[PDB]
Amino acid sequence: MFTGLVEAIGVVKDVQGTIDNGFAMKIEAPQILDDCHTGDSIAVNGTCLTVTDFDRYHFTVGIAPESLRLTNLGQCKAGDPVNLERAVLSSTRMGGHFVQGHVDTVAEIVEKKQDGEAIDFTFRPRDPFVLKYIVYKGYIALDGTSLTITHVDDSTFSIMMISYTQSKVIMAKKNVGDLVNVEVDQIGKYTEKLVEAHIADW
């Protein structure tokens, strides 16, 4: 479980494996390894992954084919920066929201323009149906970043990235064409089943 408040930006140091069988990945991130333990859950670009080994400077993870299929981790190369956030089990969320780290799909950046001190991003999800769980002013996690929806229609959604965030996440420097991990606010899927189980009586 996470908050979507990215703690640091690590750097991929080694990637081995294949798209069909899985990746073994090594990440440099001393900033968040002071309290590491094998088995811990760490979100890499919003993808919850299990620590398989670590030291004061690096930690490794095993990435399953399905994780690589639904996220941008399949494109990872040594040298790439990634958003990182350590797990936390808390029933409270005063900052960010309830991010599970279970990515729904990827979205392509289709527009990026400056609006004052903020950056206006527009994304096109590979799986349009996730848009049914996205609403104006609602939450969403992009590459593990908790953000506020500023616009949404039948094929895209947008967010505004403020100055404070631009220096904390990899999104700031991504461009049109790049992919980001999308995790819609889980509550939406919950209310969907609620109405379904509801009219399941009507």
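Numbering starts at 1 and follows the sequence shown.
In this entry, 89-97 has the higher mean Cα B-factor, the comparison being between 89-97 and 105-113. In this entry, 152-160 shows the higher mean Cα temperature factor of the pair 39-47 and 152-160. Looking only at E66, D143, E28, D53, the residue with the top Cα B factor in the deposited structure is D53. The entry lists a Cα temperature factor for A118 that places it in the highest third of the chain's modelled residues. When the CA B factors of the chain's modelled residues are split into thirds, the value for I170 lands in the lowest one. Among all modelled residues in this chain, the alpha-carbon of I134 has a temperature factor (C-alpha) in the middle third. When the modelled residues of the chain are ordered by their C-alpha B factor, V184 lands in the lowest third. Ranked against the other modelled residues of its chain, the C-alpha B-factor of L33 as given in the entry falls in the highest third.
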